[PDB]
Amino acid sequence: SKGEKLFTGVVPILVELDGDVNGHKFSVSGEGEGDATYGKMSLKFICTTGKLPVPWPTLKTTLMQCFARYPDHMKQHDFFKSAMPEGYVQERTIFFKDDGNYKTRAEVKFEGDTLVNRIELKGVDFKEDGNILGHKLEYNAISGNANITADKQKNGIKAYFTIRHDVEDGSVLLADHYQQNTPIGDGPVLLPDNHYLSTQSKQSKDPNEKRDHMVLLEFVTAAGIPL
């Protein structure tokens, strides 16, 4: 596969999310640019249905690991680009400690020159007055590692990690992520040795934007296999 060549330049991004969390229905769209050479994404997301009924930080991981920078010595481990342009399915369960869970299914693929991330999210068993539906989580940066392993059975990958969300009382809300990806096309893909993706995130607001929204600058770097 030559999916990697699709990412040497700056790539426009389009994101669409339809969500239902305890019957609160909402939609999110996003736009921006990926520059995988530098592991970079710059993005702006908007709630198109009014007020987001969950905190923006709980949606960050759901809302494109194809833009990670794989160092040259690790290029043979980049499943995410190998699947393009036909794309991959990305499925998670996210278990929020002592609260509900999200189930997500996304298709990530090229539509012409645009990289499109289309997502359905279903959340169940949330506490209507807990830290999520109660909007009690810090709006600050989620950085850290996503652990990747081959799923030779499905010809894709699994991933796993725990996100640590700060709560506004000084406590921490743990979100355990379980991830499966599979190629959409039947062409060959790269099945990796164990490694991780390291994400550095800066989150911000646009002072001219009236819609409920989130601005993100992300840098993502493949690591864990030495030179």
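Loop-only trypsin sites (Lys or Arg not before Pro) in segment 158-227, please: DSSP not H, G, I, E or B, and at most 14 other Cβ atoms within 10 Å.
Sparse-neighbourhood loop trypsin sites (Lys or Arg not before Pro): 205, 210, 211.
Treat every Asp and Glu Cβ in the chain as -1 and every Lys and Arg Cβ as +1, leave all other atoms uncharged, and give the resulting dipole magnitude about the Cα centre to the nearest 20 debye.
260 debye
How big is the Cα convex hull of segment 61-126 in projection, averaged over all directions, in nm²?
Here the figure is 5.5 nm², rounded to one decimal.
Over all alpha-carbon pairs in segment 119-214, figure out the percentage whose distance exceeds 19 Å.
61 percent
With +1 on each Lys and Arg Cβ and -1 on each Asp and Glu Cβ, how big is the dipole of segment 120-176 about its Cα centre, in debye rounded to the nearest 20?
460 debye
I'd like the trypsin sites (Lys or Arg not before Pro) in segment 79-112 restricted to DSSP loop residues with at most 16 other Cβ atoms within 10 Å, sorted by number.
Here the trypsin sites (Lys or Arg not before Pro) that fit, given the DSSP loop and packing criteria, are 97.
What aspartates and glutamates sit close enough to residue 152 to cross-link, taking a C-alpha to C-alpha distance under 16 Å and skipping anything fewer than 8 places away on the same chain?
Once the sequence-local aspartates and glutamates are set aside, what remains near residue 152 is 78, 186, 193.
Please find the FRET efficiency linking residue 42 to residue 73, where r is the Cβ-Cβ separation and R0 is fixed at 25 Å, and quote it to the nearest 0.05.
0.40
As a check on your grasp of the helix formula, calculate [θ] at 222 nm for the chain: sum -39500 (n - 2.57) over DSSP H runs of n ≥ 4, divide by the residue count, round to the nearest 500.
Calculated mean residue ellipticity at 222 nm is -500 deg cm²/dmol.
Binned at 10 Å from 0, what are the whole-percent values of the Cα-Cα distance distribution for segment 108-166, short to long?
Percent of Cα pairs in each bin: 15, 25, 41, 18, 1.
Could you compute Rg(Cα) / (2.2 N^0.38 Å) for segment 3-222, with N its residue count?
0.98
Would you mind checking 60/205; 2/103; 44/122; 51/136; 40/154; 60/210 for any pair whose Cα atoms are more than 26 angstrom apart?
In this structure, 2/103; 40/154 lie more than 26 Å apart at Cα.
Among the GluC sites (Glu not before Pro) within segment 15-44, which fall in a DSSP loop and have no more than 12 other Cβ atoms within 10 Å of their own Cβ?
none
Enter the mean projected area of the convex hull around the alpha-carbon atoms of segment 1-53, in nm², rounded to one decimal.
Projected area, direction-averaged: 4.9 nm².
Explain nothing, just compute: Karplus ³J(HN,Hα) = 6.51 cos²θ - 1.76 cosθ + 1.60, θ = phi - 60°, for every residue of segment 130-139 in order, whole Hz, x for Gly and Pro.
x, 5, 8, 6, x, 6, 10, 9, 4, 9
Note that each Cβ is placed from the backbone with ideal geometry, even for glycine, and that neighbours are counted across all protein chains shown. Coordinate-derived values only; no laboratory data.
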